[PDB]
Each structure stands twice: as C-alpha cells, then as structure tokens.
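Structure, as structure tokens:
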Amino acid sequence: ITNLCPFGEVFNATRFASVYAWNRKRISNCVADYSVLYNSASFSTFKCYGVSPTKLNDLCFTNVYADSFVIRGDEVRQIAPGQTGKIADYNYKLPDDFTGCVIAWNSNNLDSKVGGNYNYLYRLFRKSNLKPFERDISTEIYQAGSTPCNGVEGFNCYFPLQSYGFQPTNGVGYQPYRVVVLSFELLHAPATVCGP
Amino acid sequence: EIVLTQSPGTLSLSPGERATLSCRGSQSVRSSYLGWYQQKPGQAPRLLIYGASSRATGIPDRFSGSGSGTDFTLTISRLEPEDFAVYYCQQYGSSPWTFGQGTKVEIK
Amino acid sequence: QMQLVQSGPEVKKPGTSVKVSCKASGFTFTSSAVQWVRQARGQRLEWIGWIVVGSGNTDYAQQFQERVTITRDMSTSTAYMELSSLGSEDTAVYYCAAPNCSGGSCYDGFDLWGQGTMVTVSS
C-alpha cells in the first residue's frame, strides 16, 4: 500500500514556473513511484545520471527536489554538470558530480500556444555564472558597464529576462521541452523517500 | 528625436594650440551614457570617450571629455596631426539615440 | 583587435529586401549588444537599429517603422539586419557596432566597429 506524494501531479500542470523561477518542491516521507517515469513512460530524453534509471526505487535519497522548467529543445542538453549555454550558467545550474535525474519531454501541446508565451522567460546577462541550485528570482536591470543606471533601461542596463519566442509550429529543437530536474540529495540526514 | 547642435563644423584646429569640440544636449542628459567616436575619412569610426570617464583608447590622453549635462567638451591640450576626422557625440541613454549633425574637425 | 566583418557591397532593386550580415569574433558575442547605423556619402550617420543578442530586444529609429528588422544568430555569432521596402535614397554603408568586451559583466563603450557594408539601390 504505502502512499504516493504528488510527484506525478507537480510533473503535469498547466503552468511550470520559468527557467529562473523554477520551482523548489521538497518531498519527504513518500514512496515516490518512479516506475511510472522509467518502467513505462513516454517521456523522451530520460537521461538520469548519478544512479542508473533501472532499480531506482531500490535507492533511497534524503530529499527529492523536483524541479520545473520550460526550455527550448536545443538547450535541453545544457541541463548537465556545467556544460555550457545560457542554461546552467546564467540559470539553474547542476553541481559537478551531481546526483539526480533529468526528465525532458517535448511539450508542443499542454500550454504552449501561438506567440511567445508571456511566462517561460529566459534569465541571462547576470553579473556572474551563478552557483548550483541557487534560485534566481530577483530581477534587476543588469549592469553591463561601470555607471549604475538608476532603474530604467537603455543601452547596457539590460533587462535580464527574455521571453521564449516559440509557436506551436516551430522546428524540432525549438519546441519547449518541459524538463524536470529531480535533484536527489544524499547527505548526512535520514533517508525518507524509500519503497517500491 | 534628440538634436545635438555642436560647435560649428569645419572648425580650424592645429597642433600647438588647445582644441575643443562640444555638442549640447537638447535636454540635460545623463553624462555617462554619451560618447564621441570619430570616423576617419573613408573608414569605420572608433570609440574615444564617454561621459569624460575613460581616456581615448588607442589615442594619447591629450583627448579627454569634459562638461556636465548638455554641454560636453573634448579638450585636446595639444592637438595632433593624425586627427583629421569627423567626430560626433553618441547618445545611448534614453531609447532614441541621435547620431548625425556633422561635428567635423580638421587638422591644419 | 576584435574582428567585426560584414558582407561585401550589395546592389538591390529599390523597394526590395536586403540582408546585411555582421559577424563578430574574438570576443563573447552573446553578452554584447549590436548597433546599426547608416552612413551615406557626405551626411553624418544615424540609426538603422540596435539589438541585444541575449535579451531578445530590438529597436530602430522612428523613421524606420515596420521597414527594418534586425535578427540575431548565436549559432554563427552574427547579427543580421533586413531593410524592407528600402527607399531609393537608402544608398549608404550600413555599419554594425558593439562593445569589445568579455565576461558576464563586461565593458560599457562601443569599442569595436564593423568595417561597413556598402548598400546600393540601383536600377
């Protein structure tokens, strides 16, 4: 019997945050049923590194941090340790030797309609390359020079957010591949997510 | 549509005397988002100054911006002969950016 | 010195489309915006349009409404510019500019300038 925390519910919803307001859904004390997502799943690019996708239920980790994302298909491969590109460098980054799964599935349907969606922005042109797992929520006119402008854009002072300009008739690599980065956490705290 | 009237073009300046070029803002604009880049006679231009902050990159520091608000000046305490070129004061503050009035400077 | 090269001269039927290519190399052409100004023969230059490669923003002068589109290309690190229904008087060299700069927070001024792209609208 056991139970089932709403992993499969947060996985599917009309609206997954953005690339920078990416959700931080902690999970504990639940038998997260991964069989649905690996044993029998239609979820492309189910590339999980840190532990083999098979027999993943056998593994217990201390805090499952399901992530929510909408990123262009080309940038899907940018969700990896370091890699390159606007993802994982100016955005949610995954630390080296990170343990977890990356489930990226095409989402041309399910809330991806004509015209660049108001939500599902970029997050680029920040001061540094960011650190792994740190949320970047605050939005401020990004400084690209010495003079600090006083809150209105122009040249430099770039707005650090950019709308994903996709239509439901884009190519193959441009359709938003809704991806979740299931961030395992094997630390010195008691393991909570176990079970078949 | 910002208009930057300047010191009259074709103003005579030669090495051995101080040279000065100036363009005045239509309304006093932020100084650090200006900049005067000169176009050589038959080449692409290159940045020299912006808000009087930096030096004249690739040019001796005789070039130097100055002024506040509308009236910005580029002083050349001792002009040099290679600078027969058309300067103009870039304006990259507010969205509209003005780039043409003909602030020519000749040498000899 | 950072290379900003562009396509050679183009001769185009007045009232047609043009595609001015400006490739930026030697520096990170992702954190740098791009700026286009037109210089004819004898009259001082003015906007064509300016874009931010990363920020997805594009502008242009009020005299170039719905007739200038400036498109980016990160894959080849180039800035493309299209003048639709360009007037017969548009015969001029079409420049491209950007800050010679590297890093997330990088230089402010417009150091590097393109070699220019002579554009002629001839019968």
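Letters A, B, ... go to the chains of the structure tokens in the order shown; residues in each chain start at 1; ligands are counted from 1 in the same order.
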
With DSSP run on the backbone, what are the strand (DSSP E) residues within range 31-163 of chain A? I'd like them as an mmCIF file with C-alpha atoms, in the first residue's frame.
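Result went into states17.cif, see below:
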```cif
data_model
loop_
_atom_site.group_PDB
_atom_site.id
_atom_site.type_symbol
_atom_site.label_atom_id
_atom_site.label_comp_id
_atom_site.auth_asym_id
_atom_site.auth_seq_id
_atom_site.Cartn_x
_atom_site.Cartn_y
_atom_site.Cartn_z
ATOM 1 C CA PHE A 46 15.032 10.397 -19.702
ATOM 2 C CA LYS A 47 18.762 10.804 -19.109
ATOM 3 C CA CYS A 48 19.422 10.210 -15.401
ATOM 4 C CA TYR A 49 22.993 10.455 -14.108
ATOM 5 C CA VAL A 64 13.841 14.744 -3.539
ATOM 6 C CA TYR A 65 13.729 18.243 -5.042
ATOM 7 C CA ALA A 66 11.527 18.060 -8.119
ATOM 8 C CA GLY A 100 19.721 13.107 -9.800
ATOM 9 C CA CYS A 101 17.581 12.547 -12.867
ATOM 10 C CA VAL A 102 16.776 14.850 -15.774
ATOM 11 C CA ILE A 103 13.418 14.158 -17.435
ATOM 12 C CA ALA A 104 12.918 16.352 -20.505
ATOM 13 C CA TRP A 105 9.863 15.711 -22.670
ATOM 14 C CA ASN A 106 8.564 17.609 -25.685
#
```

Within 8 Å of residue 41 in chain B, counting only C-alpha atoms, which residues show up once you throw out same-chain ones fewer than 6 positions away? Write them as a VMD selection string, please. chain B and resid 84 to 86

Write out the residues from the selection above, keeping N, CA, C and O atoms, as an mmCIF file, in the first residue's frame.
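Result went into part16.cif, see below:
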```cif
data_model
loop_
_atom_site.group_PDB
_atom_site.id
_atom_site.type_symbol
_atom_site.label_atom_id
_atom_site.label_comp_id
_atom_site.auth_asym_id
_atom_site.auth_seq_id
_atom_site.Cartn_x
_atom_site.Cartn_y
_atom_site.Cartn_z
ATOM 1 N N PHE B 84 42.503 64.374 -38.347
ATOM 2 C CA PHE B 84 41.585 64.949 -39.328
ATOM 3 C C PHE B 84 40.468 63.940 -39.560
ATOM 4 O O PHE B 84 40.599 63.019 -40.368
ATOM 5 N N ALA B 85 39.368 64.100 -38.833
ATOM 6 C CA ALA B 85 38.273 63.142 -38.869
ATOM 7 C C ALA B 85 37.012 63.844 -38.385
ATOM 8 O O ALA B 85 37.072 64.932 -37.801
ATOM 9 N N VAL B 86 35.863 63.220 -38.624
ATOM 10 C CA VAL B 86 34.571 63.769 -38.237
ATOM 11 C C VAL B 86 34.146 63.088 -36.944
ATOM 12 O O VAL B 86 33.824 61.893 -36.933
#
```

Any chance you could tabulate, as JSON lines, the residues of chain C at most 10 Å from chain A with each one's nearest atom pair and distance in Å to one decimal, using only C-alpha atoms, in chain and rising number order?
```
{"residue": "C:30", "atom": "CA", "partner": "A:125", "partner_atom": "CA", "distance": 8.9}
{"residue": "C:31", "atom": "CA", "partner": "A:125", "partner_atom": "CA", "distance": 6.5}
{"residue": "C:32", "atom": "CA", "partner": "A:144", "partner_atom": "CA", "distance": 8.7}
{"residue": "C:33", "atom": "CA", "partner": "A:156", "partner_atom": "CA", "distance": 8.0}
{"residue": "C:35", "atom": "CA", "partner": "A:155", "partner_atom": "CA", "distance": 9.9}
{"residue": "C:50", "atom": "CA", "partner": "A:155", "partner_atom": "CA", "distance": 9.4}
{"residue": "C:51", "atom": "CA", "partner": "A:155", "partner_atom": "CA", "distance": 9.7}
{"residue": "C:52", "atom": "CA", "partner": "A:158", "partner_atom": "CA", "distance": 8.1}
{"residue": "C:54", "atom": "CA", "partner": "A:124", "partner_atom": "CA", "distance": 6.8}
{"residue": "C:55", "atom": "CA", "partner": "A:162", "partner_atom": "CA", "distance": 5.3}
{"residue": "C:56", "atom": "CA", "partner": "A:162", "partner_atom": "CA", "distance": 5.9}
{"residue": "C:57", "atom": "CA", "partner": "A:162", "partner_atom": "CA", "distance": 8.1}
{"residue": "C:99", "atom": "CA", "partner": "A:156", "partner_atom": "CA", "distance": 9.7}
{"residue": "C:101", "atom": "CA", "partner": "A:144", "partner_atom": "CA", "distance": 9.6}
{"residue": "C:103", "atom": "CA", "partner": "A:128", "partner_atom": "CA", "distance": 8.1}
{"residue": "C:104", "atom": "CA", "partner": "A:127", "partner_atom": "CA", "distance": 5.4}
{"residue": "C:105", "atom": "CA", "partner": "A:127", "partner_atom": "CA", "distance": 5.1}
{"residue": "C:106", "atom": "CA", "partner": "A:144", "partner_atom": "CA", "distance": 5.6}
{"residue": "C:107", "atom": "CA", "partner": "A:145", "partner_atom": "CA", "distance": 5.4}
{"residue": "C:108", "atom": "CA", "partner": "A:145", "partner_atom": "CA", "distance": 4.2}
{"residue": "C:109", "atom": "CA", "partner": "A:145", "partner_atom": "CA", "distance": 7.9}
```

Among range 46-172 of chain A, which ones does DSSP place in helix (DSSP H, G or I), written as a JSON list (two decimals) with N, CA, C and O atoms, in the first residue's frame?
```json
[["chain", "number", "residue", "atom", "x", "y", "z"],
["A", 73, "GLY", "N", 14.27, 23.21, -27.06],
["A", 73, "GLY", "CA", 14.80, 21.87, -27.22],
["A", 73, "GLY", "C", 16.32, 21.83, -27.28],
["A", 73, "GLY", "O", 16.95, 20.93, -26.72],
["A", 74, "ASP", "N", 16.92, 22.80, -27.97],
["A", 74, "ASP", "CA", 18.38, 22.81, -28.10],
["A", 74, "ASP", "C", 19.04, 22.92, -26.73],
["A", 74, "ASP", "O", 20.08, 22.29, -26.48],
["A", 75, "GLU", "N", 18.46, 23.72, -25.84],
["A", 75, "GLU", "CA", 19.03, 23.92, -24.51],
["A", 75, "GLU", "C", 18.79, 22.74, -23.58],
["A", 75, "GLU", "O", 19.28, 22.76, -22.44],
["A", 76, "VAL", "N", 18.03, 21.73, -24.01],
["A", 76, "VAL", "CA", 17.76, 20.59, -23.13],
["A", 76, "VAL", "C", 19.07, 19.92, -22.72],
["A", 76, "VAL", "O", 19.25, 19.55, -21.55],
["A", 77, "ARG", "N", 20.00, 19.76, -23.66],
["A", 77, "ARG", "CA", 21.28, 19.16, -23.34],
["A", 77, "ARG", "C", 22.12, 20.04, -22.42],
["A", 77, "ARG", "O", 23.07, 19.54, -21.82],
["A", 78, "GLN", "N", 21.78, 21.32, -22.30],
["A", 78, "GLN", "CA", 22.52, 22.21, -21.42],
["A", 78, "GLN", "C", 22.24, 21.93, -19.95],
["A", 78, "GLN", "O", 22.97, 22.43, -19.09]]
```

What are the closest atom pairs, with distances in Å to one decimal, for all residues of chain C lying within 8 Å of chain B? Consider only C-alpha atoms, order rows by chain and residue number, and present the result as a Markdown table.
```
| residue | atom | partner | partner_atom | distance |
| --- | --- | --- | --- | --- |
| C:43 | CA | B:102 | CA | 7.1 |
| C:44 | CA | B:100 | CA | 4.6 |
| C:45 | CA | B:100 | CA | 5.2 |
| C:46 | CA | B:99 | CA | 4.7 |
| C:47 | CA | B:99 | CA | 7.0 |
| C:61 | CA | B:96 | CA | 7.0 |
| C:95 | CA | B:44 | CA | 7.9 |
| C:109 | CA | B:50 | CA | 7.1 |
| C:110 | CA | B:47 | CA | 5.9 |
| C:111 | CA | B:47 | CA | 5.1 |
| C:112 | CA | B:46 | CA | 6.7 |
| C:113 | CA | B:46 | CA | 6.3 |
| C:114 | CA | B:44 | CA | 6.7 |
| C:115 | CA | B:44 | CA | 5.7 |
| C:116 | CA | B:44 | CA | 6.6 |
```

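Separating CA of residue 19 in chain C from CA of residue 3 in chain C is a distance of 19.5 Å.
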